[PDB]
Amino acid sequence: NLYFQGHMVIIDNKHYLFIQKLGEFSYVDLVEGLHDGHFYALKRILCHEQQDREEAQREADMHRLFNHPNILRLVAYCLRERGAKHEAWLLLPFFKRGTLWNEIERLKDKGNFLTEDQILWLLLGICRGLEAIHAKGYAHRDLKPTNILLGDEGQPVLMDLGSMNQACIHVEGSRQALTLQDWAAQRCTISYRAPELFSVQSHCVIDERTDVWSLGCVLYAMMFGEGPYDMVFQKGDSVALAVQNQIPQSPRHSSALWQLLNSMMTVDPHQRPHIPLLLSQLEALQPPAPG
């Protein structure tokens, strides 16, 4: 009567207490570490084939490529089975503020938006995260506001590295173009997907500037309360066509910020900037930390 029931797991010899389901192929659970008091998000991936163990290894490995404040770290990885049930587990830090998306809905539901100083700090954090990814030779490939957590100091943190791959891809011939086009149709949220990945051309080079387009959409989302192709998506018409055609000057935004958004959302990737240039442009605006 003085004891109480609980459900727990052991990971790397440490006991974690189930608290609640956080969300979702995979579940995510809120758990509490009983050694240290801290909270974690335990992502559990269901395996039916060897490929599934392999895909989860891959993701775990992407996380441990980096030790950067704007990139979600991996606390532990493991494999668990019981009878026929087989799972792979990624233990991760818990961000009580949730995602950048639900912060920009919270405001848009009261009629407000993020201020320009808030926008500039967030954007700086996201670019520095990407810069670290690009410098190692990868691209994220599924950047969007629901893949961006907000830390306890308000810092933005990138998550979901299960579509990350080599940054540079040479497409030669229709067969390679089409296999790439199908891969993106699978792994790159359609309304945040770069133009060059619809109708992949037979001879071309797809590089990490793919992420700079997606980042432009995230910026747009922060500035207008929705993604630039969400009404199109939600009203059933063709995103692929909208994305291949081509922002308002709402006087809550400096033209400097408006120029940043325009440059990111250029359709020809050859005319689109790389992250190091964007950071140079951003840091000259001398963005303030929150406080």
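Residue positions are given as counts along the sequence shown, with the first one as 1.
Count the deposited residues lacking coordinates between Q57 and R58 and you get none at all.
In terms of unmodelled positions of the deposited sequence, the chain runs continuously from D12 to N13 in this entry. The deposited model assigns a higher average Cα B-factor to 97 to 105 than to the other stretch when 97 to 105 and 69 to 77 are compared.
Comparing the deposited coordinates for 273 to 281 and 13 to 21, the stretch with the larger average C-alpha B-factor is 13 to 21.
As recorded in the PDB entry, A240 shows the highest C-alpha B-factor of the residues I45, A240, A41, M222. Comparing the C-alpha B-factors of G137, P145, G162, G129 in the entry, the top value falls on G162.
When the modelled residues of the chain are ordered by their C-alpha B factor, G227 lands in the middle third. The PDB entry assigns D207 a C-alpha temperature factor belonging to the middle third of its chain's modelled residues. The entry lists a Cα temperature factor for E153 that places it in the highest third of the chain's modelled residues. Among the modelled residues of its chain, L180 has a C-alpha B-factor that falls in the lowest third according to the deposited record. Among the modelled residues of its chain, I247 has a C-alpha B-factor that falls in the highest third, as given in the PDB entry.
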